[PDB]
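Read the single chain below, which is given as structure tokens and is the form deposited without the named molecule.
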């Protein structure tokens, strides 16, 4: 079988789909995260002093009859934000499929960044090893059920409007991709990470000398790398730094050089159109790039993170039988 979940695009930095928890099902907007492995949604026991819990949909286990207790405390530590709560059990519905899943009822949600989020929670599509509290990941359960047509899933991210995107469990959709897929094996298992044999700034392969790591994060809005790495990189496009953003005069945006990522022998290039946010062409105004500098500590980092910016150009397939990642041109 094959099931797909349709996503929503909110300004190219947030892609969320919808899952249902409970009986009757309680609908929640979520982000499908290849960087984590736990599944969470806010909970009723979340104190209204956390403004985030007042702005998002909360899970009531008292209004769900399939709900089973579990106390287990949880602290998920993302690189941009943190949340805390306890384990819970109920039946989740993900685009057709129904799986009994253990999730976390968050009770602590910091307004930064949670207050910026159009979605309510997150669903980790990572391995059970980054799985906080060894709780079996939702993909692993759907697998166990024996219903999919393939032990894989793919992502499609679109470039706004003014359909968002789409996740397909069990395969790929040839309508959103063209040519042939090209696989890259995971270096280690338990992490959607692959090796990168340098990043090329225009005509100087000025980044990646000796080889680095690349985390394909569908739960990252930008492409990101080490402060240092990114630092040389900006130097080259010639960008000026803001709070925790980078920029260029809209005028010259469309003039920046191509950025190329060497994966598996092939090289995945990004045009200045793919990574620069062209909301104008003035000289008075500054445009934000979709590449951030973020130092990701081991054991996982240091790593580059191919997120939003990258998945928009290359449809991504997460092979779980063969443990590799395959990229192909998006449509």
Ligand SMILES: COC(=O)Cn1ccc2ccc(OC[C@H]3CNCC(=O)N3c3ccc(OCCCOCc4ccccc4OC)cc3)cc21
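By rigid core we mean the largest C-alpha set that fits within 1.5 Å across both forms. Only residues modelled in both forms are compared. Positions refer to the first chain, counted from 1.
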Subject >> Between residue 162 and residue 163 - deposited residues without coordinates, as a size class >> reply: 4 to 9
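Below, we refer to the form deposited with the named molecule bound, which is not included among the displayed structures.
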Original post:
With a 4.5 Å heavy atom cut-off, would you call residue 78 a contact of the named molecule in the deposited bound form?
Top reply: yes
**OP:** Give a yes/no on whether residue 40 approaches the named molecule to within 4.5 Å in the deposited bound form, heavy atoms considered.
**Re:** yes
Subject >> Close approach of residue 214 to the named molecule in the deposited bound form, 4.5 Å, heavy atom >> reply: no
Original post:
Just to confirm, residue 262 within 4.5 Å of the named molecule in the deposited bound form by heavy atoms?
Top reply: no
Original post:
Does each of 106, 117 and 308 have at least one heavy atom within 4.5 Å of the named molecule in the deposited bound form?
Top reply: yes
Original post:
Exactly one stretch in 171 to 179, 117 to 125, 201 to 209, 253 to 261 has heavy atoms within 4.5 Å of the named molecule in the deposited bound form; which is it?
Top reply: 117 to 125
**OP:** Taking the rigid core as fixed, pick out the runs of 3 or more consecutive residues whose CA atoms all shift by at least 2 Å between this form and the one not shown, and give them in sequence order.
**Re:** 76 to 83
